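Number of protein chains: 2
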Amino acid sequence: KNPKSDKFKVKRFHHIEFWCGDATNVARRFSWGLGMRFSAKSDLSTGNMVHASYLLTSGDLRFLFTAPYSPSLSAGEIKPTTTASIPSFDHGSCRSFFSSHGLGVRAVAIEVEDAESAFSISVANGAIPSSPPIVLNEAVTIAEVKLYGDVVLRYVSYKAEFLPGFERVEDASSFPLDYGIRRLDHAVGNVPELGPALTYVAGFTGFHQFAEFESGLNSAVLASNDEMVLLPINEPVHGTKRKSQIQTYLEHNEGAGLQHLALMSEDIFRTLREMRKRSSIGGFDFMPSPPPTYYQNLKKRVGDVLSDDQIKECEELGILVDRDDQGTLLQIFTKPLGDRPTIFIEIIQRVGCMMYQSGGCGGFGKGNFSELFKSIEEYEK
Amino acid sequence: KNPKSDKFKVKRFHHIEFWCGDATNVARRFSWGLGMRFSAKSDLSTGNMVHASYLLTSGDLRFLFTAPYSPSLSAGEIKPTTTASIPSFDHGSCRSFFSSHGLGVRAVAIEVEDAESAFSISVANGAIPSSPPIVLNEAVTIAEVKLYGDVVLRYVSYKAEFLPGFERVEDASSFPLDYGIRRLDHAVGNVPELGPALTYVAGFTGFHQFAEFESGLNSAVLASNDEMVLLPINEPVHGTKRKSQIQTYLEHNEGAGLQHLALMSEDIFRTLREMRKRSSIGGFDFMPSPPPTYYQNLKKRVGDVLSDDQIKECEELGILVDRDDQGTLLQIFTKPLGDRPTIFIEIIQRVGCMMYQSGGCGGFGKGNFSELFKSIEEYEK
Ligand SMILES: CCCCCn1ccc2c(C(=O)Nc3nnnn3C)ccnc21
Ligand SMILES: CCCCCn1ccc2c(C(=O)Nc3nnnn3C)ccnc21
Ligand SMILES: [Co+2]
Ligand SMILES: [Co+2]
Numbered sequence: 035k036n037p038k039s040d041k042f043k044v045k046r047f048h049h050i051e052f053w054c055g056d057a058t059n060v061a062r063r064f065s066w067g068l069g070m071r072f073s074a075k076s077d078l079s080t081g082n083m084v085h086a087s088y089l090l091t092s093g094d095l096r097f098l099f100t101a102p103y104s105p106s107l108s109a110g111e112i113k114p115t116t117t118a119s120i121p122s123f124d125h126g127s128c129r130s131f132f133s134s135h136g137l138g139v140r141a142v143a144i145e146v147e148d149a150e151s152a153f154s155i156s157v158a159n160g161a162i163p164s165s166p167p168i169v170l171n172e173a174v175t176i177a178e179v180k181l182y183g184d185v186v187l188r189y190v191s192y193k194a201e202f203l204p205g206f207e208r209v210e211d212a213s214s215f216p217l218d219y220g221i222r223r224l225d226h227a228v229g230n231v232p233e234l235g236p237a238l239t240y241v242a243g244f245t246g247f248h249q250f251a252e253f262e263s264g265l266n267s268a269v270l271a272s273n274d275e276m277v278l279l280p281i282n283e284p285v286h287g288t289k290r291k292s293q294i295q296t297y298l299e300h301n302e303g304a305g306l307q308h309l310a311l312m313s314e315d316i317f318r319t320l321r322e323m324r325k326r327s328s329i330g331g332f333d334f335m336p337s338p339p340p341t342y343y344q345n346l347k348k349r350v351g352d353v354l355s356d357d358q359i360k361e362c363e364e365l366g367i368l369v370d371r372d373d374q375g376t377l378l379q380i381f382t383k384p385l386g387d388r389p390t391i392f393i394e395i396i397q398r399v400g401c402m403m411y412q413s414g415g416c417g418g419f420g421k422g423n424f425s426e427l428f429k430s431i432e433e434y435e436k
Numbered sequence: 035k036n037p038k039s040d041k042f043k044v045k046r047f048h049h050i051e052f053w054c055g056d057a058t059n060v061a062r063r064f065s066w067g068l069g070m071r072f073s074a075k076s077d078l079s080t081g082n083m084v085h086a087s088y089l090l091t092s093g094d095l096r097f098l099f100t101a102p103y104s105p106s107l108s109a110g111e112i113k114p115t116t117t118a119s120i121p122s123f124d125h126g127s128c129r130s131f132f133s134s135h136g137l138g139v140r141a142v143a144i145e146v147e148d149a150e151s152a153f154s155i156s157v158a159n160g161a162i163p164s165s166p167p168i169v170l171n172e173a174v175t176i177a178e179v180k181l182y183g184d185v186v187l188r189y190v191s192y193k194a201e202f203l204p205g206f207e208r209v210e211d212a213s214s215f216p217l218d219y220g221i222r223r224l225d226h227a228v229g230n231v232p233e234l235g236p237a238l239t240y241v242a243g244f245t246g247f248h249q250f251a252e253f262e263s264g265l266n267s268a269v270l271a272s273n274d275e276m277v278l279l280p281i282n283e284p285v286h287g288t289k290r291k292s293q294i295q296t297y298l299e300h301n302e303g304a305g306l307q308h309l310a311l312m313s314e315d316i317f318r319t320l321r322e323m324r325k326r327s328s329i330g331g332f333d334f335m336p337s338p339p340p341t342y343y344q345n346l347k348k349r350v351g352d353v354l355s356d357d358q359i360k361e362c363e364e365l366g367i368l369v370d371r372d373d374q375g376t377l378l379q380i381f382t383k384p385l386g387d388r389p390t391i392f393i394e395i396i397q398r399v400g401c402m403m411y412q413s414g415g416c417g418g419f420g421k422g423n424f425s426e427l428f429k430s431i432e433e434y435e436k
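Taken in sequence, the protein lines are chains A and A'. A prime marks a further copy of an entry chain. Under the authors' numbering, read the first sequence as residues 35 to 194, 201 to 253, 262 to 403, 411 to 436, first letter to last. Under the authors' numbering, read the second sequence as residues 35 to 194, 201 to 253, 262 to 403, 411 to 436, first letter to last.
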């Protein structure tokens, strides 16, 4: 059941912004590791004396990497005279975020019809304001409310290229990397208490709970009207045999924050081949592969969706498979993206639910907790 | 003239340590961009609850990348009970360094006969102490004194593998990259006033001035007894037509600090081919190439050292050439390594001065200031 209760018109995920200590080095690492092209910049070379921001794109996926310069470069400025291209940016907030959480997501940005009204309606419905609506060059409006921890939900709306003040990088520095990633499927938060987080966020968005179907967590998924904006949230479950991975996150992250980004690939096998080629030469590492018994058991579960060859291709690459009542989900998780065991990335591809493909086709892999523990001791054999 | 006045026995450059906000991402970027292998780690997986430190090596060159974890992970510890593998590390110092300077070099480490005596003699001769000698697992002694800005000169000495507490990374994660870089040739500091910096450092080391031979700088080189440890220092010259690059550094770095690291390659042409292949896919960019007239003029200057083919190979790669009375220097500079126009890297190869090759053979490229401005307007033509 989908009551379509969005309190304002939401379009799609627009971008994800990482707050960094050095944006250059994170952005170059991510570009190579994920096959994302450098497509826009806002920094000293564009007149920005406040922050360095670099945009990577792959298909519709937009990753933004931002770090502060010395406050001394902009000490003469005031907000009316700012050279920052993202007016919500604040040196103190950014340094405090990074020193508290390390590398991580500051903003989950979604495109809306009207960022001003989305902000007003949100705050009228319980949202904690973070940065009021600001119109940039009479062309783009940006506003932010608190989502969880120090993560903001950023609204962006266009009258009618990323943001004003951002320049198109030179072609020479813009190598057309592409490993098949195409869009952000969902963005997941970890919190100490799921109930209040859900009540808060569903309260000010009107997002509805997306229907699904002891591993140390409970979770739920909030979704927009067409269920293309998907915001799952986890809480830990205490007292389990193995310590909850959610609690470990909260400890190392110093509280709530974004846990993982799920990136849809138009060809997950090519994406994983390309990413795994680069794991040891600057890219990303992947979780340990499931035992061969997990893949033996794939025949009974998805033998009507994937061929034996395509199943063997899953086994080569360590891909996991789960199935809804409506679709099939292929997924795999990276190891943490940085020093701390906090944020990581999921690569996914969904099969089924054609009408375009509807959102969340195949679910989020809930069945892979059980099946993996069913593969752990079956493989002990 | 070399008075050989070292006040303690110095061996070679041992390592360079970068203080980072996220060590993982900088280290992976540097590994790919420079062709350096992951060779040791000290982090959560090795019992270090304080800092994450990753060591890259290429030949004898050792780059260490270190970032702090949340202080909460080690809040119960005291220095006697610390899990840090580098006991001079301090969360507050590291966060303050990175927030003040951005990504940069915290420690220039040299190997000495006896780090305890080097520290004592240094402090007895004016050195400002930074971290007293500490013996690690009865095997390695480490001590630090202030060099300039927030950069320390680190002494390390071995009774008899990087440091105790560091583990040899797994082979799977240790891809044997190598683009031909083999050792650190020299490490250069920028300061507001050259005279006092020289007096201070030469004062406590006994290092002597290395004999050389309006561009906005004056400089001088301090050298150890066999002139294998080379520490040049720049100061700005004010009032010039083009604003001094040293002054721009001081402004963006918030004061003195390490300006560049010169890395000797055993085959600079292969190093530059390999680094330039990767500039736009995660590696390092290089300064704009000199005009073809600069390379036309190379025949008269070094036509007896380099063939026409080897000169054309310099032209393809943007390499600069200078000559001493004793040797020839091939060199090239990267663009800044991170967000700020502060630290960069020089790749060099020296030809001549065989006895082994003596230190500083060919100088440091002083003649390339004049020759480049002689190439700028000659090429205007
Ligand atoms: C040991 C490897 C497989 C672990 C089992 N496993 C299955 C899914 C899954 C997610 C995830 O993706 N969760 C999510 N995504 N959207 N909503 N939710 C709740 C995060 C961490 N481990 C997961
Ligand atoms: C526009 C491209 C060529 C610039 C001319 N150019 C020649 C050398 C050089 C150094 C350097 O390497 N300096 C040094 N190294 N050791 N000691 N010193 C003083 C640093 C910056 N620009 C330099
Ligand atoms: Co997920
Ligand atoms: Co140099």
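A virtual CB, placed ideally from N, CA and C, is assigned to each residue, including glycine.
Check                                                                                                                                  : Outcome
heavy atom of ligand 4 below 7 Å from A310 of chain A' C-beta                                                                          : yes
Reduced DSSP category for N423 of chain A - H, G, I as helix; E, B as strand; rest coil                                                : helix
Bridge-paired residues (DSSP) for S191 of chain A                                                                                      : A:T175
Beta-carbon contacts of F317 of chain A' that lie in its chain and below 7 Å, excluding the five residues immediately before and after : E361, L365
Beta-carbon contacts of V353 of chain A that lie in its chain and below 7 Å, excluding the five residues immediately before and after  : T376, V399
Sufficient close CB pairs (3 or more, under 8 Å) joining the stretch 373-391 of chain A' to the stretch 296-308 of chain A'            : yes
Cα-Cα separation, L78 of chain A to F428 of chain A'                                                                                   : 26 Å
Expected contact under 8 Å - CB spacing of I380 of chain A' and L320 of chain A' to nearest Å                                          : 6 Å
Rounded separation between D315 of chain A' and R62 of chain A' - CA only                                                              : 23 Å
Check whether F99 of chain A and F47 of chain A have beta carbons under 8 Å apart                                                      : no
Between the CA atoms of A304 of chain A and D356 of chain A - distance to the nearest angstrom                                         : 41 Å
Contacting residues, own chain, Cβ-Cβ under 6 Å from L181 of chain A (five flanking each side not counted)                             : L187
Whole alpha helix (DSSP H) elements within the stretch 278-341 of chain A', 4-residue minimum                                          : 293-301, 316-325
Boundaries of the beta strand (DSSP E) in which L95 of chain A' is found, first to last residue                                        : 95-102
Within-8 Å CB hit, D218 of chain A to chain A'                                                                                         : no
Helix, strand or coil at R46 of chain A according to DSSP, with G and I counted as helix                                               : strand
Inter-residue spacing [alpha-carbon to alpha-carbon] between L217 of chain A and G331 of chain A                                       : 13 Å
Test: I221 of chain A' CB closer than 8 Å to a CB of chain A                                                                           : no
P114 of chain A' classed as buried or exposed, judged by whether at least 16 other C-beta atoms fall within 10 angstroms               : exposed
Members of the stretch 152-164 of chain A' near chain A, C-beta cut-off 9 Å                                                            : none
Spatial distance of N301 of chain A from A161 of chain A (CA atoms)                                                                    : 23 Å
Nonlocal neighbours in the same chain, by C-beta distance under 8 Å from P232 of chain A', ignoring five residues either side          : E283, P284, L298, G303, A304
Proximity test, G417 of chain A beta-carbon vs ligand 1 heavy atom, cut-off 7 Å                                                        : no
Collapsed DSSP secondary structure at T390 of chain A' in the structure displayed                                                      : coil
Start and end residues, alpha helix (DSSP H) containing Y240 of chain A                                                                : 234-245
Any C-beta of chain A' under 8 Å from that of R321 of chain A                                                                          : no
Pick from A:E252, A:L90, A:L279 that is closest to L306 of chain A, judged by C-alpha positions                                        : A:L279
Chain A' contact for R398 of chain A (CB, 8 Å cutoff)                                                                                  : no
Member of A:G69, A:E426, A:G138 whose CA lies at the smallest distance from the CA of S92 of chain A                                   : A:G69
Cut-off 6 Å between Cβ atoms - residues of its own chain near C128 of chain A, not counting five sequence neighbours on either side    : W53, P102
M276 of chain A beta carbon near ligand 6 (any heavy atom closer than 7 Å)                                                             : Looking for ligand 6 in the displayed structure turns up nothing; the ligands present are ligand 1, ligand 2, ligand 3 and ligand 4.
Residues near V228 of chain A by beta carbon distance below 6 Å, same chain, minus five either side                                    : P280, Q307, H308
Coarse secondary structure for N59 of chain A, derived from DSSP in three states                                                       : helix
Cβ separation of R326 of chain A' and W66 of chain A', assumed to be a contact under 8 Å, to the nearest whole Å                       : 6 Å
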